[PDB]
Each structure stands twice: as structure tokens, then as C-alpha cells.
Amino acid sequence: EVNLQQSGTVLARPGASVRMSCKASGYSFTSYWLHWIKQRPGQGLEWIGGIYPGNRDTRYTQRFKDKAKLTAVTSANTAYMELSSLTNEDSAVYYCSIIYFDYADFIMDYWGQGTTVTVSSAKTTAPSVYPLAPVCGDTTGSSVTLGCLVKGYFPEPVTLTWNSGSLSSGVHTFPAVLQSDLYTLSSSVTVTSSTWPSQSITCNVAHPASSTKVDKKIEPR
Amino acid sequence: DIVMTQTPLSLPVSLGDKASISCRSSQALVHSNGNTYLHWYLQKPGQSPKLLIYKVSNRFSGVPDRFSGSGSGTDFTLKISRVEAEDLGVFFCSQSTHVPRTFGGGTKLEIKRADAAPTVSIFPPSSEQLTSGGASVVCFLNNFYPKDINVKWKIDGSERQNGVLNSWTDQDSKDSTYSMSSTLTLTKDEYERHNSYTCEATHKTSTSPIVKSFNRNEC
């Protein structure tokens, strides 16, 4: 099985540089070009360049010639991309991949999970987690909705869970949004009205960057 | 660089029906070696782009037969004859007969379902947040289709135009509806200076908006 594992989420400051890696397995790392594609959170895909580990030869699209530098270590079957003079425009997920369609019996097209790069000057900050209980008297429906507000954290992600994961159905955790230079997010959960509050509903928020883990029970009233 | 133009931008398709995505290139894609390197990728939410079709009409291993491609020179077409929920995501046509290889803008494939009006829920600021000196009123609009919808905030009967952040979830695979959050963030002093807090959702499913409200003087 062809595998391309990329290094995890990285935080970088304006003007700094970052380096990411991509380990290959399941095929001759030295036989196919290893490509790097950029994807802005909103737009499409953009080819940055590629490196042939066979002899470490590289090729870049004009635009990135000075932005990135491609590297490889055949020894560990690993590729590296380094992006310098970071700007907000460099924030995006970067993918490494193998793509070749001219070898008869075996077509190569595999991508890594992608590496998120966030350029920013915000300081790492644990989130504030607030329980959202129903407004007074709101208990006549067949179902009832509860919420969890995660506000003021950086960088992301944040791992929001209901009842340590036991509760996954009827939930919606919305995409994080920027408030000032910190992120805020929310999740709603809908359960059978007869369920809550007799049976506890707890919002669990984990923020790896700040090594924090918080559980916030949704108390009525 | 060679530019790829995909159309439409969004593509609503009932389950079980067929979908066609078009892709044109700014220049001929027939390589001197005689091949035409035009491929089709599908990127599911949160995942990496996954190859569906390479060289105008060949299916990648594991790709079911309901997916097929055609076209020539500069005009190409991806077809999906029996759309399923799993096809949810964005399709990208790609070209690599010229360097650098380039991708189309993408086509978001949406699953059509009967129109459904959102369920609205409103939530006053929590005591913990108030204590911090802030106050966020939250409003959830869940399970509605189509995605188009307008939310208006009213404080003591007056429309609030700023301090509002909105976030939408992508289409629910097993449901085909959308959900969203509307958050009004005020200062505690500001929050306590008013009584009525209203969340108003206007969706095609009705002429009269859905209204959720609460009076601070009463909770």
C-alpha cells in the first residue's frame, strides 16, 4: 500500500520560515517525482514544484522559485519543503504526492494527508468554553438543542466532543471563525426532550497547542 | 500557465440522477507523444484530492463504472450517471501535458432534497462568559435545505447590523441539509442595557421568518 505521511500542523510567524516533511512507503521512492501542491482554505490546487529523489533534481513554477526549496533524503524515503519569508498569503494546507499515468500496469496517484501552515502573530491561547443551555421554559418540543461555545483560542485545531464521543449523532460543530486574531467555534447537539437534564450532556474541548482538556457539563437554567 | 475553466460552479443533483461537469483549457492538451493528460479528481470534505479519472477516460483502480470521462483537444466532460451521497465534495479537472500542471477552479456537487425549513434555537450568554465581562447570544439554524438563508438580529426591536459572526456546516451526507450558527457578541455592559433579543431566519420554505426570542428581564 502506497503511503505518504506528512508532518503535522505548524504555526509560523510573519517573515519566518517553516519546513515540512513527507515520508513515502510502498513503492520505489526514487522512481517517481514527488510533487508539492498548495491549497488556500478557499480556492483550488496549485502546483509548487517537484523533486526526483532518484538524483535529487528539482523543478519549480516561476512564482515559487524563491518561496520554497525542495529537499529529499533517499536514506529515509523522505521529502522536505521549506517556505521562507512567510506572509499571510502562504497560509494553507500543503500536499505532497506521486502522480504518473504512463506506466501500463500500475497508475500512480497518491496524496499525503496534507500539512496545515498558519502564518500569524497571535499568541498561543487556551480557549474559553461556555455551556449553552436552553432558554427558560424551552422544554416543550419532542427534542431539545444544547450548545457549546469555544471562544478566543489560537492556533487551531480544537477537538470538540459530546460525552467523550459517546454522543455523536444529532450534532453540528461549525467551522471556526476569526474574532480579532483568535478563533471561536460552536457545536449544537439535539437529543430527545425526555433525555436531558436527567441524563447528563457534557461538552469536551481539547486544545493540543495549549495542552488543555476541558469538560463542560450543560447545566439547565 | 495553461488555464482550466470548470463549469458549473455548483451542481445540485437529485440522488440517483446524472451529473455533468465541464472543463475547458486555454490551450490544446494533446501531448507531442500523443497522449491527452486531462484527469478528474474528487476531494471529499477534510480529505486530500482523490483521483477518479486519468487521461480523459480511464478509471483509476477502485473507481466504480458510474464515473466516466470524455472530450478532446480543449473540451472535456466528467459524467456521474447514478449520483450518491458519497459523491459529496468538490471535483477538479486537471491538466499535465504542459508544465506546470494546472487544476480547474472546481465544482461543488450538492445533493437535492425536498425543501426543509430550519429549526431555530436561541441561547443567552452564559454566566461564565458574563463574569468575564463579555456576552454572546447564539442562534442555531439546523437542518434546512436549500442553504440560502438570511438571519436578522433584533435588540429591543431594532436590527443589529454588526458584531455578528456566522458559520455554516457543509451538506450533511446522510441528510442533505445544512445547519449554521449566528453569534452576536456584545460587551456585558451592552448586553445588560437591553431586554429583548431576537433571532430571525428567513428561508424560502416560508414568507414569514422563523422567530426565536427571549427577554433578559425574564430568564
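Below, chain A is the first sequence line, B the second, and so on; all start at residue 1. When reading the values below, keep in mind they use all heavy atoms of this one structure, side chains included, and skip hydrogens, waters and symmetry mates.
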Cation-pi between B/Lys147 and B/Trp168: NZ/CZ under 6.0 Å from ring centre and within 45° of the ring axis? yes
Checking [Y] against [X]: is there a side-chain donor and acceptor pair closer than 3.5 Å?
{"X": "B/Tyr37", "Y": "A/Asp102", "answer": "yes"}
{"X": "B/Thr198", "Y": "B/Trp153", "answer": "no"}
{"X": "B/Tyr145", "Y": "B/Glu110", "answer": "yes"}
{"X": "A/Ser164", "Y": "A/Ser166", "answer": "no"}
{"X": "B/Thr102", "Y": "B/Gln95", "answer": "yes"}
{"X": "B/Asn142", "Y": "A/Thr190", "answer": "no"}
{"X": "B/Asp172", "Y": "B/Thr177", "answer": "no"}
{"X": "B/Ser136", "Y": "B/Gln129", "answer": "yes"}
{"X": "B/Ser176", "Y": "B/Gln171", "answer": "no"}
{"X": "A/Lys123", "Y": "A/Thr125", "answer": "no"}
{"X": "A/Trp111", "Y": "A/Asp109", "answer": "yes"}
{"X": "B/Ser206", "Y": "B/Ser208", "answer": "no"}
{"X": "A/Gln113", "Y": "B/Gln47", "answer": "no"}
{"X": "A/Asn204", "Y": "A/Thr161", "answer": "no"}

Give the ring-plane orientation class for B/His39 versus A/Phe101, where under 30° counts as parallel, over 60° as perpendicular and anything between as tilted.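 Because their plane-to-plane angle lies in the 30° to 60° range, the rings of B/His39 and A/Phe101 count as tilted.
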So, are B/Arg66 and B/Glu84 salt-bridged, with charged N and O less than 4.0 Å apart? yes
List the atom pairs, with distances to 0.1 Å, where a side-chain N or O of residues 72-82 of chain A and a protein N or O form a donor-acceptor pair under 3.5 Å, not counting sequence neighbours.
residue	atom	partner	partner atom	Å
A/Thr74	OG1	A/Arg56	NH2	2.9
A/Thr78	OG1	A/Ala76	O	3.1
A/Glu82	OE1	A/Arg19	NH2	3.2
A/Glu82	OE2	A/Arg19	NE	3.0
A/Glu82	OE2	A/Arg19	NH2	2.8

Donor-acceptor contact below 3.5 Å, side chain A/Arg40 vs main chain A/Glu89: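 At least one qualifying donor-acceptor pair exists.
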With sequence neighbours left out, the residues meeting salt bridge (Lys or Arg N to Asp or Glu O under 4.0 Å) with A/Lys216 are B/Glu128
In this structure, is the centre-to-centre distance between the rings of B/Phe140 and A/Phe174 below 6.0 Å?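 Distance test on ring centres: under 6.0 Å, yes.
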